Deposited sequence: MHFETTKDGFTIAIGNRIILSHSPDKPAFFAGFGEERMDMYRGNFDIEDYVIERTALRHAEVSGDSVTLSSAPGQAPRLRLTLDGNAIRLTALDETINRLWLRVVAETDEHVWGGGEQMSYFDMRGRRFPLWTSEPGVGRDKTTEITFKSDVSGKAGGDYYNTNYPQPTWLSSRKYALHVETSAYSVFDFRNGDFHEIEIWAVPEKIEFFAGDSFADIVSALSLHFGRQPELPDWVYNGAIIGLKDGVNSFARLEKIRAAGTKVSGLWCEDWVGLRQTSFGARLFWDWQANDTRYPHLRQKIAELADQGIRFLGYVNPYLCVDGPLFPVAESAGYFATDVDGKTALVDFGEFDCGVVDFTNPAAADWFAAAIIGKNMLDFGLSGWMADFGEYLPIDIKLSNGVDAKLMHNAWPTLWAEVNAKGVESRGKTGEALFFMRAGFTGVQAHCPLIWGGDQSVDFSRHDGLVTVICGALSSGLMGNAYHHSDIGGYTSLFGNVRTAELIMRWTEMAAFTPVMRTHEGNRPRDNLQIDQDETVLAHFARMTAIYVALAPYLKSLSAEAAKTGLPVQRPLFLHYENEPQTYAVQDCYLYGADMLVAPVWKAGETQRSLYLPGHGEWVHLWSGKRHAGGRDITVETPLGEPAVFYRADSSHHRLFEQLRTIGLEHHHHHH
């Protein structure tokens, strides 16, 4: 950065780009004090602040100290240090800070973690607090209304399992706030962005470069990159079943249709806790002999067939399981204000929270559960779930306020998984996937999944939200994203259709990982093995995925070398084309393919903007289309709107896909 004096105050810039501007009349910082309410109900948060003070820091003295007015005691010190602005609270009573960053009227801003509704965040406000993302997520839909009424569970456009206080600006810089406190990105004003933080962050860090790609590279180096995808993934789809021993018979039927399979993922490897409300799992992280009486043998048999086995784990322990008394005896649970084990309500059962701030507890979970019970048992991967349910009234062994540990949790959890994996020498071979995140998850977690979508084509909780989650999380340095094929949440009569499964499968073939899921109510929802048309369509798309493996491998190698995500926004490679900047329902699958998933029912065609000044080749027909215009193509089931660059080095490969 470059600091510079002006008539009335100062500016801070990154090269050509003014970032902060301060004068008494147009101050950069405001400081104050609030009393928040943050009530948790089954991982949903009802958050409302009561602001008692918000006071402009109008007087700057030059390292810069800031006070409310001349002759008042300084409240904030700002120190420029390389690409960082370091902040020190001089008034210990501040628990609210607002920072204005200079903005241009037509500027776009992206990132914010994994955003599910809006990719370009301009014009709206985005609180950053990990939680349940919501069912429906749109106060105008009946699903959302019903979820709010029954369980405070509808959420809204800004809720996410993985927030992050980082943005990329169309002005060619990125900004990162180093804090785990609650924060908000307010992009509602034309002339400035405003950051609200419920703390004085240690620093704000900046990244700039001459391309957006270069900035994403630099961000990915800052947060940490992922290993390349393991070879075994490229064998096909990961088939999600939760049907006990019957899972194997159903897998055989799936394989008999020609489906290419890399793995069998059985989240019920620990037992099902079937309830009147849903087919839940038994949260005790060891193989269940009642549900899978020969599981060790079955894993070995599948391995001989070239199919891996994957499970399920989360960082909580159910009160009625055998691991709970072990963890409690050792003092490894978060505690309540009286020093007893704090129990969290997950609906049909209560759990303890393994306290990862206690190094012994974190080591125990990595060694006993990830190491012995999972990896040594023969798992090649798993869903590494949750991370969002830390309540703010719980006590942690490190003595740090739960208001600050809440957002840190997903990263601590990712690190426990990564340490277990590394302890067995399996980094880059074991594949675990997380839905929750925060700053730093990038370094530990090798694969994101989009969490729970409704089983529908809705705008704010259906298929299309996955694309937004992939694009946003990709710019934040998570190179690999995928989703549950066919979505997850079935409530209030909302159930899958054949069409939904097929469209979702079409997208998933052009992402790093194809994975199915029977969902929360398996017997109420269509599954890939239960309709012959769906199953044949699925098998065909898995053959397309396998044929594409050499190209996906090259993208994984690129991700390791340069940090660029596999699924990229159009603007990353077409910077001079304004119409690419807000597009969030299409992506570049590497530089050489363009994917425009169908995300509504009953569509026989798809319209999209084709970028560039060359030619794109339609994957299924071989017909050529000129870049630089809107086009419409036929998209019958099995033929998603996918194109490849005419000049691609992988053209011989892409030509073959037409034939399969």
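- Several segments of the deposited sequence are absent from the coordinates, namely 63-65, 664-672.
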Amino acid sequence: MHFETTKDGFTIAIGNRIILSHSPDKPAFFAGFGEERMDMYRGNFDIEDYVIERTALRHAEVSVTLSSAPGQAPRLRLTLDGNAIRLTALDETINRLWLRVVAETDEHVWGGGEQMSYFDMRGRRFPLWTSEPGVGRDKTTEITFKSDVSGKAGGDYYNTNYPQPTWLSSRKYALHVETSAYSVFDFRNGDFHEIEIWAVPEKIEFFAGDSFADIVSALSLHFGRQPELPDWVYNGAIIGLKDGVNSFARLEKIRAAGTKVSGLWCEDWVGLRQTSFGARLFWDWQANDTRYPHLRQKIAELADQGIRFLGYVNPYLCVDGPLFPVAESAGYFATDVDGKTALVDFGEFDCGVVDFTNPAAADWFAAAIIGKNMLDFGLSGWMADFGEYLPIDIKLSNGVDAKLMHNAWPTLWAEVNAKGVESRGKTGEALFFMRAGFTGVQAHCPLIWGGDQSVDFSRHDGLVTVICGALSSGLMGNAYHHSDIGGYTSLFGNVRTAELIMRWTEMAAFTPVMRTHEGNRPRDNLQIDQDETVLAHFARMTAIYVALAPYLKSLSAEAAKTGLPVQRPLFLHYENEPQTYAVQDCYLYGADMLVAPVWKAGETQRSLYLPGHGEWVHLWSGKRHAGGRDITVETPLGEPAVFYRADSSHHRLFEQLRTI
From here on, numbers count along this sequence of modelled residues.
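- As listed in the deposited structure, the average C-alpha B-factor of 71-79 and of 345-353 is greater for 71-79.
- Higher mean CA temperature factor between 309-317 and 390-398: 390-398, per the PDB entry.
- Of the candidates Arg296, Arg459, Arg435, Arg137, the PDB record gives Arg296 the highest C-alpha temperature factor.
- By the numbers in the PDB entry, the CA B factor is greatest at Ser211 among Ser211, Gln274, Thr516, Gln442.
- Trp198 sits in the middle third of its chain by CA B factor, as recorded in the PDB entry.
- Residue-level temperature factors show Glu422 in the middle third of its chain, judged at the C-alpha atom.
- Among the modelled residues of its chain, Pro325 has a C-alpha B-factor that falls in the middle third according to the deposited record.
- In the PDB entry, a CA B factor belonging to the middle third of its chain's modelled residues is recorded for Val245.
- Per the deposited record, the Cα B-factor of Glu142 falls in the middle third when ranked against the other modelled residues of its chain.
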